[PDB]
Amino acid sequence: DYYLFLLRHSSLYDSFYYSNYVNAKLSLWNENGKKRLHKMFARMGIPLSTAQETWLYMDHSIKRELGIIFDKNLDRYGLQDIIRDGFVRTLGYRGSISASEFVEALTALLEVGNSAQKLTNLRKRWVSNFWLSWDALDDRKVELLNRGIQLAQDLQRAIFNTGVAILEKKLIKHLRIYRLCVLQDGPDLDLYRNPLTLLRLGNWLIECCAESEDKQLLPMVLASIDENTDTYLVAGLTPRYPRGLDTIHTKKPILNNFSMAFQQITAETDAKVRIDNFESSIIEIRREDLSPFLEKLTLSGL
Amino acid sequence: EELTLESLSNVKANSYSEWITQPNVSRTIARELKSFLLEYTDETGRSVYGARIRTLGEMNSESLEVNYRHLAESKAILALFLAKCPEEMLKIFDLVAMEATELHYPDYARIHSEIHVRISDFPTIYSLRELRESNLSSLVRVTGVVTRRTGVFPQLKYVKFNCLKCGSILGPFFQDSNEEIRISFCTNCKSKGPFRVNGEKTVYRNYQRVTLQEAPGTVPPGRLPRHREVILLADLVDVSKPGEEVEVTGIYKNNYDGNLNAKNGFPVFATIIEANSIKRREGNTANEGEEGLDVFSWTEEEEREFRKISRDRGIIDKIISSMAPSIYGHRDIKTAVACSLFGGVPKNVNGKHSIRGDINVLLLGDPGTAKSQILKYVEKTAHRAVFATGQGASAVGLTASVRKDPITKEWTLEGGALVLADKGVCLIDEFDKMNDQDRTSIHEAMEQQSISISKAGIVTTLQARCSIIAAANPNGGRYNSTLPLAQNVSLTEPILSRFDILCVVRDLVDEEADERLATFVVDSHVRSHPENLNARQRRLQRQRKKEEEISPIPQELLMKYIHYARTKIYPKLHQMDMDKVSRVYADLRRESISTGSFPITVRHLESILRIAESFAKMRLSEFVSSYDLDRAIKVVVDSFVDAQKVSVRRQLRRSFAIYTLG
Amino acid sequence: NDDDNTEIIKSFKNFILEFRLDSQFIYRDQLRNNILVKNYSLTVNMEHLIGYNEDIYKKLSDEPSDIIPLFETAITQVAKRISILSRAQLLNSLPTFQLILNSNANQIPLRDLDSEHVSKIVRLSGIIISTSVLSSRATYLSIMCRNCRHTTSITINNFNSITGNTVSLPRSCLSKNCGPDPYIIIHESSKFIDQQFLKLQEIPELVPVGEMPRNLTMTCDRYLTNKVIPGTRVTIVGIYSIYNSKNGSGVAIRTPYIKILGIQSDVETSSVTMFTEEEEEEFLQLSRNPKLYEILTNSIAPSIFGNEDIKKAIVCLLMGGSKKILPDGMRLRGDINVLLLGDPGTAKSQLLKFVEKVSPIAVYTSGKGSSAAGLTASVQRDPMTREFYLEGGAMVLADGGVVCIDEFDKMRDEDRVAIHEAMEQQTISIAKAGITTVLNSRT
DNA sequence: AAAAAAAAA
Ligand SMILES: Nc1ncnc2c1ncn2[C@@H]1O[C@H](COP(=O)(O)OP(=O)(O)OP(=O)(O)O)[C@@H](O)[C@H]1O
Ligand SMILES: Nc1ncnc2c1ncn2[C@@H]1O[C@H](COP(=O)(O)OP(=O)(O)OP(=O)(O)O)[C@@H](O)[C@H]1O
Ligand SMILES: [Mg+2]
Ligand SMILES: [Zn+2]
Ligand SMILES: [Zn+2]
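Protein chains in written order, with full-length UniProt numbering: chain A, 323 to 436, 462 to 649; chain B, 179 to 710, 738 to 867; chain C, 20 to 108, 128 to 213, 234 to 306, 319 to 341, 346 to 517.
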């Protein structure tokens, strides 16, 4: 199997387009990335109109020869790390599924499904979504998995649409210690109230930043807005090494000091925060209180 | 075998056709052709055909364009062979092109098995009247007007037969799109008998034939046009459209016919033209800036230059100043025309709401103000341009019309003027003198962007994405500054409201403005005088020197820039001042009819937004900044202010100075 | 030759008899329910066929016209197996079963069809503009001779895969000294099915730049006929094949056409009640809502701001009145008319297109580009036989629905008087070229 | 032979 987004349920073109690793390696957010992708397809020999078809109806000959085509074409452009070995589950005549696709569907179904009062309502909706995802586990239900797959596709589209705008507007401010980015305004901001959706967006941004020529490993701070509450949901993210690296420079994973910094600043200043999430690196802060807090985080020992 | 180019100078056979196909010379031709399209360098020192091959691979198209003058300047003997005997040369050229394409893209044959090569522009040009017997079986270049198009049908390419008298399967045979395959003795058995096609193992092409007339601008006055038949093979289908003047490079051929001999009493032969390349020549008659089938297409380096020049400061000012470099003053008109021809983004909300994304411009003013010259320049500029005028256009002429086909004898639909203006501009002159019945038929065109016909049992709706630019003159021939706009023109509110930008040009008396204008006019007149390495490039650099003194950027580069900006970049509108624009709209709702006569509606709000989107498009940027909104609001408020009575213009000018503060 | 056909038929029979998910053999019960209601047809979902085995799908995609009759005879074999008792050994009035396919492949626009789609399965969408009158097709012909004078029977299928496909008459007799083809057709004791022709037009929003819409011809038979009415958006699954025209420019030309295998329609030909029980319950539940009026009023053009009484009038118009009849025969109108007469810029035209989209049957036309003869009834003549016949316009096309007319004032005075009777009595009368017909149009 | 659309008088 390959590091591809729903390969067996979407077209091969959409899979290559929305795959995060290929996005990072080929800079698909501008037009040169699309030109290089069309170069990829032309050199492999798959017709564009053929590659824009569903995997079920896509041609049997190239389905059989896909492995050899990849092995012979992907060496030039540095994508040879996409090939891996995965687990495939088949039960009856319903079809075949893979672990990566299953976990993507589960995560999407967790994300989307169905002051203090509205916070409680949001947490209750999250609990209900958890129950729905739990119920979807059994093999007797597949309308609760097709919906998850389509929701995963929609959420990945939305994340890509927001990330390209962030990258082109260059909102990533580079400080001396850590990078900072704040989503002040935009479309569909109401989706990012979910911590897992925010983490997905941050993971894509981290991959995009790591797949660059910069030689600085700095933590990234991401914030959002929910106008009904007038609060900033801030998440701290650790840097990541490129997936194509040896194990010698992997003595220990990068540690996360954001929770410690947050708790120290909260214990020394009277900020109107609410640190209650199980993930200690995700906090809720006030719009008026963010900026001084940030300054403190800048001036404190990390 | 002495496979040398100098050995091709002298012929040994009786003619070219039988000599080209000789095995010894064919391989020499192939190797020389390969060396040509693999080694030819451009003025910059790069293999242009390599970039052509890469672009062909990216677009997975079927045609590779080879410039004729490139082949003529180097290895001219091959050019002569191709010009005199095209059939025996194009096949070798196709084979070598396929090999060259496979060189860059191995296993490319899976996408397509064969490639068709195209000739850009032959040196000699003929008309339909100047056709003789000497120029047969050779390339011809004919301009004309497409009148009747047959359609799309498939044809056999590799024909095989199964003869059941002996169980003999004939090998694959060709077809020349105008002759039936006829075999006499049927292979080894050497006899004639029953046979069938057995078309389960065959390959198909598609063809389209069309009737070509003479251009009305080329025919001598008061005479009749000459008709010919044009045959289009694969990849040429539906490229040409009815009513669109075209220029076709093709091969002249003749064949036998029965009733032509029957009615004439002499062995006369019918003639048809097998097309090889098509170039559109509708509107834009200026055909000297650059060469190629399509002048609105760009290479990769031209795209890189576009991106490089799209990031400098004040590029909008340079673009505005580079439009009509021989017309003095009228900065507002230039800005309005640029914003109109760059256009906006059509909006679709949930598939159930539609918002128009094009800008209309109305020009009104005194005579001798170069409105017609600006309209002509716009026609020369846009990719699609249609020119109408005064009483010379009818209501059903601009709109699609209903006609009965004389052959099949039933009602059909004929494309109107506006349909040709789809994705383009429709230019109207003398807008005031056009009759009201011929004026009230474009409301859907300006607003709904759709044309609906319910005539003679035919119910269909036609799309029309056209931007209308109009010019007119006020009542009495001059503009009365001390009168409202309602008493200046005879138009009504429904037609006036649909124009996003309305400009008024006043001819006044000034001592130094007249002197400056006269100096500019005299300098222009003395500049365009016909009397002031290769001579062609010397003339081209003379043209560049002439043009650089009034144009900040070359015109053809601007042409491709316009095309690229209209093609790819789509602005996005997120961070705009809700309160500022809302209060500006509220203020324009104030005054207006409550104090004067100019009508203002919600359409002007969308007009401001479209102008802001256009200004974003100017910079090749995907997102609207604040400066674009400021410029759009400044333009709109200026256009609104300068159309009031001189009594209150100063008061409104000082009143509305708080929103366009800058 | 025959062994491969038997192997393929056996494979399809094994598929239909064996396909079960969980605890139900769906296709066998489908056959039972179809036979019990005299609907000798079966529907195959393509994904199930792909999942069961890939070789059969490959063979079907390679040569559809040859393969399909084998499947459609395996179906009738299985039906006779699982419906009729042998009784240790009759009517047997079961014809060849019709096969209907469904799929979820990528759509192909009409203008993108080229020489590479010959004899392939394709899926596309369009708009229906005209329906031909039904015709008869023979399936089992009784053939009689003249000189030797014996009896014979000919079995013919509807799939051709080629232009000819036709065995007209055998050469020589069946074994004295008869003619080349001394046969006739016994019309009695023969079996016939029904065929219909349709014209499809490209969807307006996918028309390329500066071009006109293109038409195409489709052919359907048996249960697929009489399903679609003019003016209905449809999705078609069929085969793109070519047929010669010896009667009819160029050399070796062949006019392409589409053979219909499956039709999907949004209206589903509902307009007697055919809705599902769950849908009926949902409709009753919605009608039980205490504030359905405000919910529907908000639903009319949500992107239009401010208008309320206009939206209420639109809802009342779309719902429609109640038709009545009287003992003496007088009719009473049952529709409501709304006229919008206001200043420019008040979004008058944006409501018309939304009302057209919502209504199941609606047409949108302008008062400028229209004519009195082009709306009610157009009298045409056939170029071949030279006979007068009546062709409907736009008002008759929207019978039983609504008609959207904008720019009502620009309409010619001569044209605007024809609608007077067409709305005051909902019946139009034509007296042209000796034709005296009273035509119905309710809208 | 008879109905229906278009431009000029
Ligand atoms: N700066 C200028 N402003 C106006 N006219 C100019 C200017 N420079 C040159 N001209 C000349 O003035 C003439 C204006 O053209 P033209 O007479 O068509 O104007 P117009 O008022 O638009 O005409 P009409 O409305 O009668 O068609 C042209 O011959 C043009 O060469
Ligand atoms: N109440 C409204 N809410 C939102 N948009 C509106 C409203 N009224 C007008 N508009 C906007 O006005 C624009 C033009 O509207 P439209 O063309 O439908 O008006 P109209 O009344 O039919 O005009 P006309 O009488 O000139 O044909 C559209 O873009 C539409 O969105
Ligand atoms: Mg309107
Ligand atoms: Zn023989
Ligand atoms: Zn006999």
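Think of the CB as a built atom: it goes at the ideal place given N, C-alpha and C, for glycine as much as any other residue.
| field | CA-to-CA distance, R562(B) to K765(B), given in whole angstroms | value | C-alpha separation (whole angstroms): 14 angstroms.
| query | Could you give the uninterrupted runs of the alpha helix (DSSP H) lying entirely in the stretch 264 to 290 of chain B, keeping only those of 4 residues or more? | reply | Restricting attention to alpha helix (DSSP H) runs no shorter than 4 residues, the stretch 264 to 290 of chain B encloses them at 265 to 282, ordered along the chain.
| said: With a threshold of 8 angstroms between beta-carbons, can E827(B) be considered close to chain A, or not? | reply: Output row for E827(B): interface = yes.
| task | Could you say if the stretch 366 to 375 of chain A and the stretch 328 to 340 of chain A meet the contact criterion of at least three C-beta pairs nearer than 8 angstroms? | result | Under the Cβ criterion (8 angstroms, minimum of three pairs), the stretch 366 to 375 of chain A counts as touching the stretch 328 to 340 of chain A.
| field | Nonlocal neighbours in the same chain, by C-beta distance under 8 angstroms from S346(B), ignoring five residues either side | value | Sequence-distant Cβ neighbours of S346(B) in its own chain, meaning closer than 8 angstroms and more than five residues away, are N340, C364, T365, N366, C367.
| Cβ separation of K520(A) and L514(A), assumed to be a contact under 8 angstroms, to the nearest whole Å | Between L514(A) and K520(A) the Cβ distance is about 13 angstroms, and since that is not below 8 angstroms, they are no contact.
| said: Quick check: the Cα distance between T193(C) and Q254(C), rounded to an integer number of angstroms? | reply: Each residue's Cα considered, the two are about 21 angstroms apart.
| request: Starting from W197(B), trace the alpha helix (DSSP H) both ways and give me its first and last residue. | output: Unbroken alpha helix (DSSP H) run through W197(B): 194 to 198.
| query | When we look at the beta-carbon of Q108(C) and count the other beta-carbons within 10 Å, is it buried (16 or more) or exposed? | reply | With fewer than 16 other Cβ atoms from the protein chains shown falling within 10 Å of its own Cβ, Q108(C) counts as exposed.
| message | I want to verify the contact list: residues of chain A whose CB lies under 9 angstroms from the CB of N144(C), in sequence order. | response | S333, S371, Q374, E375, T376, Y379, listed in chain order.
| task | Under 8 angstroms between beta-carbons, which chain C residues line up against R416(A)? List them in chain order, please. | result | Contact note: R416(A) reaches chain C through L40, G70, using a C-beta cutoff of 8 angstroms and chain order.
| said: Give the residues whose C-beta lies closer than 5 angstroms to at least one heavy atom of ligand 4, in chain order. | reply: My final list is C344(B), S346(B), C367(B).
| Along the chain, where does the beta strand (DSSP E) that runs through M276(C) open and close? | For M276(C), the enclosing beta strand (DSSP E) begins and ends at 273 to 279.
| said: With a threshold of 8 angstroms between beta carbons, is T328(B) in contact with chain C? | reply: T328(B) counts as touching chain C.
| Taking the C-alpha atoms as reference points, what is the distance between residue 160(B) and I679(B)? | No statement about residue 160(B) is possible, as the shown extent of chain B runs from 179 to 867 and does not include it.
| field | Environment of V63(C) [buried if 16+ CB atoms lie within 10 Å] | value | Residue burial is scored here from C-beta neighbours: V63(C) has at least 16 other C-beta atoms within 10 angstroms and is therefore classed as buried.
| task | Look at the alpha carbon of residue 728(B) and the alpha carbon of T325(B), and state the distance between them as a whole number of angstroms. | result | Between 710 and 738 the numbering of chain B has a gap, and residue 728(B) falls inside it, with no coordinates.
| query | If you measure from the CB of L207(C), is any heavy atom of ligand 5 nearer than 7 angstroms? | reply | Not so, every heavy atom of ligand 5 lies at least 7 angstroms from the Cβ.
| request: Have a look at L661(B), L674(B), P652(B) and flag the residue whose alpha-carbon is nearest the alpha-carbon of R617(B). | output: Comparing alpha carbon positions, the residue from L661(B), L674(B), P652(B) closest to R617(B) is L674(B).
| Are the stretch 567 to 577 of chain B and the stretch 618 to 628 of chain B touching, with three or more C-beta to C-beta distances below 8 angstroms? | Yes, the stretch 567 to 577 of chain B is in contact with the stretch 618 to 628 of chain B.
| Minimum C-alpha distance to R209(C) - residue among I45(C), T350(C), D239(C), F428(C) | The residue among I45(C), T350(C), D239(C), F428(C) with its C-alpha nearest the C-alpha of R209(C) is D239(C).
| said: Extract the residue ranges of the alpha helix (DSSP H) inside the stretch 634 to 700 of chain B, only unbroken runs of 4 or more that lie entirely within it. | reply: The alpha helix (DSSP H) runs lying completely inside the stretch 634 to 700 of chain B and spanning 4 residues or more are 671 to 674, given in chain order.
| task | Would you please state the rounded distance, in angstroms, between the beta carbons of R516(C) and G474(C)? I believe it to be under 8 angstroms. | result | So it is a contact: roughly 6 angstroms between Cβ atoms.
| message | Taking the straight line between their C-alpha atoms, what separation do you get for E184(B) and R310(B)? | response | Looking at the two C-alpha atoms, the distance is approximately 32 angstroms.
| For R324(C), which option in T501(C), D23(C), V477(C), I300(C) has the closest C-alpha, if you only look at C-alpha atoms? | If we check each option's Cα against that of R324(C), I300(C) comes out closest.
| Which residues of chain A have a Cβ atom closer than 8 angstroms to the Cβ of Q746(B), listed in chain order? | Ordered by position in chain A, no residue passes the 8 angstroms Cβ test against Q746(B), which lies about 33 angstroms from the chain.
| query | Taking DSSP as the reference, what is the three-state secondary structure of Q748(B)? | reply | Residue state, collapsed to three classes: helix.
| Is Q391(B) closer than 8 angstroms to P403(B) when the C-beta atoms are compared? | Yes; because the gap between Cβ atoms is below 8 angstroms, this pair is in contact.
| Length of the line joining the Cα atoms of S199(C) and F373(B) | For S199(C) and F373(B), the distance between alpha carbons rounds to 19 angstroms.
| So does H382(A) have its beta carbon nearer than 7 angstroms to some heavy atom of ligand 7? | Ligands displayed in this structure: ligand 1, ligand 2, ligand 3, ligand 4 and ligand 5; ligand 7 is not among them.
| field | Collapsed DSSP secondary structure at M270(C) in the structure displayed | value | Per DSSP, reduced to three states, the secondary structure at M270(C) is coil, with no helix or strand assignment.
| query | Which whole-angstrom value describes the C-beta separation of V415(B) and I456(B), a residue pair presumed to lie in contact below a C-beta threshold of 8 angstroms? | reply | For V415(B) against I456(B), the beta-carbon gap comes to about 11 angstroms, at or over 8 angstroms, which does not count as contact.
| query | Under a three-way DSSP split, which group does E387(A) fall into? | reply | Three-state DSSP puts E387(A) in a helix.
| said: 8 angstroms is my cut-off, CB to CB: does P418(C) come that close to chain B? | reply: The beta-carbon of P418(C) is placed less than 8 angstroms from the nearest beta-carbon of chain B.
| task | With a cut-off of 8 angstroms on the beta carbons, I'd call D544(B) and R684(B) a contact; round off their distance for me. | result | The C-beta distance from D544(B) to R684(B) rounds to 7 angstroms, short enough to fall under 8 angstroms.
| query | Would the beta-carbon of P672(B) be found less than 7 angstroms away from any heavy atom of ligand 2? | reply | Judged by the Cβ position, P672(B) qualifies as a neighbour of ligand 2 at the 7 angstroms threshold, a heavy atom of the ligand being closer than this.
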